[PDB]
Amino acid sequence: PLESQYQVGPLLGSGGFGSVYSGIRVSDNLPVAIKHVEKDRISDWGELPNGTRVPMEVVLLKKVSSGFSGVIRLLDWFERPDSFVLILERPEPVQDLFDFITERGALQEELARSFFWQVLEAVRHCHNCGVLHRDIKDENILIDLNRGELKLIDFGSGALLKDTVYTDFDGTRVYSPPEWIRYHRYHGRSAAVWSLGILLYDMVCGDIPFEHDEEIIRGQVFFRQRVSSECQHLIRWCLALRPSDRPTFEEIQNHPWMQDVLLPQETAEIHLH
Ligand SMILES: NCCOc1ccc(Cl)c(Cl)c1
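Basis of the calculations
- Residues numbered from 1 in each chain as written, not as in the entry; some residues may be left out.
- Heavy atoms only, no water.
- Near = heavy atom within 4 Å.
- Areas by Shrake-Rupley, 256 points an atom, 1.4 Å probe, with all protein chains shown as cover.
- Nonpolar A, V, L, I, M, F, W, Y, C, P; charged D, E, K, R; others polar.
- Domains from an automatic or database assignment.
- Contact = heavy atoms within 4.5 Å.
- Buried area = accessible area lost by both parts, 1.4 Å probe.
- Salt bridge = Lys/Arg side-chain N within 4 Å of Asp/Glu carboxyl O.
- Polar contact = N/O pair within 3.5 Å; in protein donor to acceptor, adjacent residues only side chain to side chain.
- Helix = DSSP H or I, 4+ residues; strand = E, 2+ residues; numbered from the N terminus.
- Buried < 20%, exposed > 50% of the residue type's maximum accessible area, 1.4 Å probe, protein only.
- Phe/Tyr/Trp six-rings, centres within 6.5 Å; stacked < 30°, edge-to-face > 60°.
- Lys NZ or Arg CZ within 6 Å of the ring centre and 35° of its normal.

Method of determination, as annotated in the archive: X-ray crystallography, at 2.13 Å resolution.

**A closer look at the site of the ligand**
Around the ligand lies a shell formed by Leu-12, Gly-13, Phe-17, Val-20, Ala-33, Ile-72, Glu-89, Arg-90 and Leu-142. When the ligand sits alone it has 360 Å² of accessible area, and the protein chains cover 86% of it. Of the residues contributing to the shell around the ligand, the split by class is six nonpolar, one polar and two charged.

**Regarding the domain arrangement of the protein**
Where the parts come together, the accessible area they lose is often given as the size of the interface. Its domain assignment divides the protein into domain 1 (1–92) and domain 2 (93–273). Spacing between the C-alpha centres of domain 1 and domain 2 amounts to 25 Å. Counting residues at the interface gives 19 residues for domain 1 and 25 residues for domain 2. Buried surface at the junction of domain 1 and domain 2, summed over both partners, amounts to about 1700 Å²; 67% is from carbon and sulfur atoms. Notably, a salt bridge pairs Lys-35 with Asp-154, separated by 3.4 Å at the nearest N-O pair. At the boundary of domain 1 with domain 2, the tally comes to seven residue pairs in polar contact. Top element by residues in the side of domain 1 that touches domain 2 is helix α2 (residues 56–64). It accounts for seven residues. Of the residues belonging to the side of domain 1 that touches domain 2, the class tally is ten nonpolar, three polar and six charged.

**With respect to the pattern of salt bridges**
Summed over the entire model, instances satisfying the criterion amount to 15 salt bridges. Here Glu-92 ties to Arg-90 by a salt bridge, and the two come within 3.8 Å at their closest N and O atoms. Classification of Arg-90 by relative accessible area gives buried; the value is 16%.

**Considering the packing of aromatic side chains**
Under the defined criterion, the tally for this structure stands at nine aromatic pairs. Here a set of aromatic residues connected by ring pairs shows up, and it is made of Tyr-166, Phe-169, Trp-180 and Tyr-186. Over the face of the ring belonging to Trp-45 we find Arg-53, whose NZ or CZ atom lies 4.1 Å from the ring centre. Sitting over the ring of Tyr-166, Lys-162 keeps its end group 4.5 Å from the ring centre.

Laid out in structure tokens, this is it:
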């Protein structure tokens, strides 16, 4: 069973998502993360291609868990009487982006460009797999410090991607768009672009731009740090009040600020090693 298959290490974190432990797969010593989610806390349920009743998180992870290393991979899952247990791949050494920014402050634009580009590629992979993350933020991004590779985590607030309106949301409010705050309605892709604007501002300024609902609704972007005109333009574009005024992923990646990105290994060599 699960208990014999894995060696439990220390608690890595706990919160809205559940409890996550560091671990080692006993068969090949592979580093893993063991996530426990209480059944009473799971509101969104779904079913696998076979038809087993599992949390939506398990459905979304299976849809995205393949060769591409931009999303944390689900290795296995187990059902207990009062919880679900998820075995996830664990990079080592690792640091989440929230802890990274907290320790190092506002990122150099070359570093933010590499990081932002990788997040964009990871989000495009999710969308191509029919998955909408809904909680893109610094806390949900892991940095593989040796490879300079970023990984999206926590699909616990996610949904299947659709072209119709979403009227439910349980992600982070300070990353949520003005249409959600005002009307309790949003479309997947344009809401994801708004959260990406919040994230990019956070990378280059060291903090999020808005705290209160009134600020999100006004959408006036003030720069507290020295930021290039091209970067400011891209941020202000992602943070357009009207969802239809926001750039597509293609327009973000073709933006002049996004040109000449470093490879992840070059990123680790210059900024992480
Ligand atoms: N948010 C607390 C840490 O959560 C995680 C989740 C997944 C992995 Cl692979 C790791 Cl290393 C840590």
